[PDB]
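Colleague: What follows is a structure written as structure tokens; I'll ask about it next.
No Cβ is skipped: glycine too gets one built from the backbone with ideal geometry, and neighbour counts run over all protein chains shown. What follows draws every value from the coordinates through simple rules; no lab data is involved.
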Ligand SMILES: Nc1ncnc2c1ncn2[C@@H]1O[C@H](COP(=O)(O)OP(=O)(O)O)[C@@H](O)[C@H]1O
């Protein structure tokens, strides 16, 4: 909803303000986010929004408690049918949005942290200098996986999953090849940043998150740096193929 | 003798905070249930800490079951509807139904009724969970019925416990693969021996254990070289048992605290299969305590334990499990069973599968699976399967 | 269908807690700004979490800048004055000025205004930070102006990040030593090569990076034997750059969490120099992640990195920095530059310094400094400098 | 002209700021007391001073 | 330059580029051959 309002999308309409003397506008600008968004739009807090086509409406109702300003997130629908269809439409909406952002999971102390970024230098496939046959075979497995439709994985009861590993002397195009794939496929790309805080709890969160994004590419740079006490669990998580 | 405080107060100030709203709602809930069922319900729990039968209530309403009836809404302008959809669950549930919070439900035949009374405190919306019954006997019969209902519900699911830093986390899973006993590819003599215990434990009359005076617990260990498909075999056996199945994932966070938690939770589903995924990953400092929860002086009954290890001696020196069975890699007979099952006959005549079983000596089930994908892909891509060519390519 | 709760209430009880005071103050702040500026300010943030432009407001008032005007006090009997003095800061600021809390300020030309509304809760005095603007376009232009103002302010400072157990701690420092490029004592060919990149990055038009399509980041490493003055050299180069300078102190508390924090903070000052004091002290478990924040797939631009190490191989096997330059100990030419600069000519004729540069082969800059104090002390104490005597005393 | 959900018009009493009535009275009385004893005017420079050193002095 | 850089990684060719472009932009020369040595050094 916030992104729809922020982007000037047509489909949510502003219906009313709740309190006359609380905020009527807001801005995206968060000094804690790496990318600064300076868009100014109508407030989310203290407003009512509706998706008339969908029969769903949002009200973020402010109230005063312990000094600070808080809000209830109230959700309204016209009937049960329209509410269910709205909810069933969230995963596909988020899938489309994620095709055009890059999702990064970074393992921190508590658990993993998810940020959506845009890539700083797009790398076109044509700028990836490589043995043309090696290059065509890598790009072809990726392109065939998402876009040739999978009569194969269905007729033979084989899990719809693939993994390739890039290795070699440093400075010769592993990261470059990976960056080139983000741009050039019609599916989300996610990066998993392994850290010293990578744990079995953290591997569980990334794969539950990644799989909600499926079909997608999950990139794991420097997979050698995965801690020893979670390698077993990680293998068991890959074999959790049903999901 | 003197009293420092000598203020005497008007009786309007003897009023008890919060009681005026609460007693008014309890009175109304009782009146409304009487109006609808002609009996008198009594409060048995003011803010019930028990979660089990409250989660049965929610599943009963969610699933459109007839047994709990919506009686009343509490507040006119709070929610009358709700949905199961939580974004933090693996499997999303988009069912829309009447709200639980802000509602009164009754199991009329059972004579017990539930009310989630909303209230505002600290600018979040909370609830008192209130439980009513028509009398003590019905209250007790309801409580005694809870674990049996939980047991049937969990037959239809697999419960996975994963040890984390706070404790173990319980996730339920739908059984999307039904496994019949004929699909358990395994040495047929140990298949026979192990199912002797399994069938007594889960699929027969339980009088046997009383007749021969035998403890109602068992624990077996499956060991052997890596790659012989042990974990896939245990999940096959577990899926053929008509009883709730639980998996316990040892992690780096496994402590004596997560052990007690998981065993207590599995035991609530007794009789149940508890599968111990790779008992090797268990920290050495809890191994002594772990075996003492199997066979120590205060150990309990109700569980059929099945573990898997590649290093049998590291876990249980000697035996504190009941039996340990070695899983080797499959002989020609088992190989053929696998290839017929796995789907090789899609693109292989009967002779070609008999032949391929012959040529795959020393293959693990895993490698027979990696062979399956390869011959299948060539068959799909080209219309040719070169089994003969690909066994050799896999050897060297 | 029934409702349990049937109390219907007087409309005086639909009143929203806290809103009566708050809406009254917002109305008055808007009225007072209108009374003074003839325009209508609107609330854009009720309790603004952003700190950056609030700290510019405080520095603007502290520094007697003309740009923000004091409009009104909120409460008559709360503070009208305040002072910068906090006893927990390294450098004390004793400036006395009008209060921030309990005041309304406006940038009239910018069309945005600030109010810190005091309030009592839990027996401490807190505030709502409230932000107003005349329209969306001015609000946005104000926000877009923040980072540029922060950038100029930080040119005049050195920002030090020290990793601690909670996270990294940011302290600002006044630049008390201005360093010109002629005081950077260094091998003149690498001085020339390195400043080639530095001057393109900070002191030229940035179109170069677009023309040749080159990523707007650089990272260099300075290595060599201990005692060759590496850290003193980097601080010399850093102080000659017209851009905010940040120092990052690796400690035993350095984690992948403090790394991301510091890089994000340095990047907010982009373009900026980030000096990495002794990258050797970095824990091995974060080294892999550290280099991935330099050159991984999601690495960002805007920073000129300068590190120092005595063990180059331990950090970056191979190169994920861009260039590594070796700092040896100074030849006779560099020695002479140092001795003229350090102040030897105070008590040395021109020949004696030329001679002393000759006799100090194999001296580190540090040792030339330890020589400086000794000859200076004798010269001050006695009126004699026995350079000749003291080089030998230092050799053996 | 966008409607407002909340249309309750507030009494003049609801605008009172919690705890300010006591605090302002005390501050004013302290000011008057300091004036009555020294004939100079004192004002607040800190409502709840976080600094301890000169308080410990 | 392609034969003078036998054994170079792409990343080192990229540093050769940045260094050459800098010298070209700032001085009108490129010194491609001196730089190849400077980097093997
Ligand atoms: N195959 C390549 N094609 C184009 N540029 C490359 C290639 N390999 C390396 N580079 C350049 O060198 C830099 C580092 O390469 P990278 O892809 O990170 O190598 P790796 O990840 O294999 O160590 C890249 O940012 C790119 O500028």
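Colleague: Return the total of residues in the stretch C:22-68 being over 18 Å from residue A:25 (Cα atoms), part of a loop (DSSP other than H, G, I, E, B) and more than 10 Å from chain A (Cβ to nearest Cβ).
Modeller: 7
Colleague: Same structure, new question: Which numbered condition in (1) within 7 Å of chain C (Cβ to nearest Cβ); (2) part of a helix (DSSP H, G or I); (3) over 30 Å from residue A:16 (Cβ atoms) is the only one that residue D:46 fails?
Modeller: Unmet condition: (2).
Colleague: Being assigned to a loop (DSSP other than H, G, I, E, B) and either away from every other protein chain (no Cβ under 14 Å) or in contact with a strand residue (DSSP E or B) (Cβ under 9 Å, 6 or more places away or on another chain) (or both), is that true of even one residue in the stretch C:259-266?
Modeller: no
Colleague: Kindly establish whether residue A:128 is within 16 Å of the ligand (Cβ to nearest atom) and within 14 Å of chain C (Cβ to nearest Cβ).
Modeller: Here the answer is yes, as residue A:128 does meet what is asked.
Colleague: Okay, next question. Scanning the stretch A:173-190 for residues that are at the interface with another protein chain (Cβ under 7 Å from one of its Cβ atoms) and surrounded by fewer than 23 Cβ atoms within 10 Å (Cβ to Cβ), which turns out farthest from the ligand (Cβ to nearest atom)?
Modeller: Once the filter is applied, the top-ranked residue is A:178.
Colleague: Then there's this: Please find, within the stretch A:131-167, the residue that is surrounded by the fewest Cβ atoms within 10 Å (Cβ to Cβ) out of those that are outside any loop (DSSP other than H, G, I, E, B) and within 14 Å of the ligand (Cβ to nearest atom).
Modeller: A:132
Colleague: Considering only residues that are exposed (fewer than 13 other Cβ atoms within 10 Å of the Cβ) and more than 15 Å from the ligand (Cβ to nearest atom), look in the stretch E:5-33 and name the one that is farthest from the other protein chains (Cβ to nearest Cβ).
Modeller: Within the stretch E:5-33, the match that is farthest from the other protein chains (Cβ to nearest Cβ) is E:33.
Colleague: I would also like to ask the following. Restricting the stretch B:333-349 to residues that are under 20 Å from residue B:181 (Cα atoms) and away from every other protein chain (no Cβ under 12 Å), which is surrounded by the fewest Cβ atoms within 10 Å (Cβ to Cβ)?
Modeller: B:333
Colleague: Can you name the number of the only condition in (1) away from the ligand (no atom under 12 Å from the Cβ); (2) touching a helix residue (DSSP H, G or I) at 6+ places or on another chain (Cβ under 8 Å) that residue C:331 fails?
Modeller: (2)
Colleague: Okay, moving on. Go through (1) within 16 Å of the ligand (Cβ to nearest atom); (2) within 14 Å of chain A (Cβ to nearest Cβ) for residue C:305 and report which single condition fails.
Modeller: All conditions pass for residue C:305, except number (2).
Colleague: Quick test of your reading of the structure: residue C:186 fulfils all but one of (1) away from the ligand (no atom under 16 Å from the Cβ); (2) in contact with a strand residue (DSSP E or B) (Cβ under 8 Å, 6 or more places away or on another chain); (3) closer than 22 Å to residue E:38 by Cα. Name the failing condition by number.
Modeller: Every condition holds for residue C:186 apart from (2).
Colleague: Does residue A:170 satisfy the condition of being in a loop (DSSP other than H, G, I, E, B), away from the ligand (no atom under 16 Å from the Cβ) and surrounded by 13 or more Cβ atoms within 10 Å (Cβ to Cβ)?
Modeller: No; evaluated as a whole, the condition is false for this residue.
Colleague: If you take the residues in the stretch A:103-125 that are outside any helix (DSSP H, G or I) and within 16 Å of the ligand (Cβ to nearest atom), which one is surrounded by the fewest Cβ atoms within 10 Å (Cβ to Cβ)?
Modeller: This residue is A:124.
Colleague: Now a separate question. Can you name every residue in the stretch D:1-20 that is surrounded by 10 or more Cβ atoms within 10 Å (Cβ to Cβ), more than 7 Å from chain C (Cβ to nearest Cβ) and not in a loop (DSSP other than H, G, I, E, B)?
Modeller: Result: D:4, single match.
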